[PDB]
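This document starts with one chain, in the form deposited in one PDB entry, laid out as structure tokens.
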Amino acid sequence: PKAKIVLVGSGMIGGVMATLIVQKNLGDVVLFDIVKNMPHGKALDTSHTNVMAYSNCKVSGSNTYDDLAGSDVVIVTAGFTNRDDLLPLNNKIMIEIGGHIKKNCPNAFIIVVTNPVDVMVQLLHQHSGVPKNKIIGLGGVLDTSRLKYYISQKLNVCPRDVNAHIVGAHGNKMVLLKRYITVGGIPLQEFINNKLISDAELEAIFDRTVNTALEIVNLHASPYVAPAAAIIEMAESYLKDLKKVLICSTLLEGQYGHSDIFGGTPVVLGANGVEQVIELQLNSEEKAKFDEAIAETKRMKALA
């Protein structure tokens, strides 16, 4: 019957995801964490919103890895966050989690959030043994939400009506594709030609998109709501078989001249997991930038 969604890590992102799953009645939720009892407390709190939301999703905490058994969807946020130093430690967490996925829920659809996400997703893919269409990493949905939002406020249009592509990787080497931005399905260049938005404003918006997490932390907060909603958009596309075109970290098998590595690109998410991998027909200049993102991913992969 209902989907079982196990959230491996019950921190701030985990809490908002659980909240949103009950709001949308997506399925039973398990808030798993290594910290004793905390996930039970959050689960209990969150379970009462079933009344207000008119839903019927069980929300429970867990301090045991075998509660992954029966998982339809597994969302990994667990991990430590000399950033390079944390690579091996987080690799160890992916290993342990991957062994339990292979044993307890080999058919689950896996979403990795732990940073560097393009690295951690491939590690978990390797340690869990799941098919390449059943594991993705969060990146482009979150990154493009900022880009799309900022442009929509300049243009005074509904945020969803702006569409944009950010590829290669999550993080500071993300590749923003100015050429692939649209507003109500209309190329953004038309709005630049009409002076509704300038290139210089768009340049500032790009830098702000790239540095948004830093901007939030400099304001004495931490990004967890947008990330959680972006993760749930991806999870919901799988569970409801929406087949939405969402930019995620996925195994590259030749696209962009790249193989044996995970990178961000538009994919189609449906009941079969990653049903399609869409390769944008980038020019040599966008390609060069894509290469830089992949190289940084490889560099960090080599230290894990």
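One-based numbering along the sequence shown.
Unshown form deposited with a small molecule bound; subsequent notes refer to it.
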- Answer among 176-184, 159-167, 140-148, 199-207 for heavy atoms within 4.5 Å of the small molecule in the deposited complex: the stretch 140-148
- Message: Using a 4.5 angstroms cut-off on non-hydrogen atoms, would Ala229 count as touching the small molecule in the deposited complex?
- Response: no
- Message: Considering non-hydrogen atoms and a 4.5 Å limit, does the small molecule approach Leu155 in the deposited complex?
- Response: no
- Heavy atom of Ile192 within 4.5 Å of the small molecule in the deposited complex: no
- Is there a heavy atom of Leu188 lying 4.5 Å or less from a heavy atom of the small molecule in the deposited complex? no
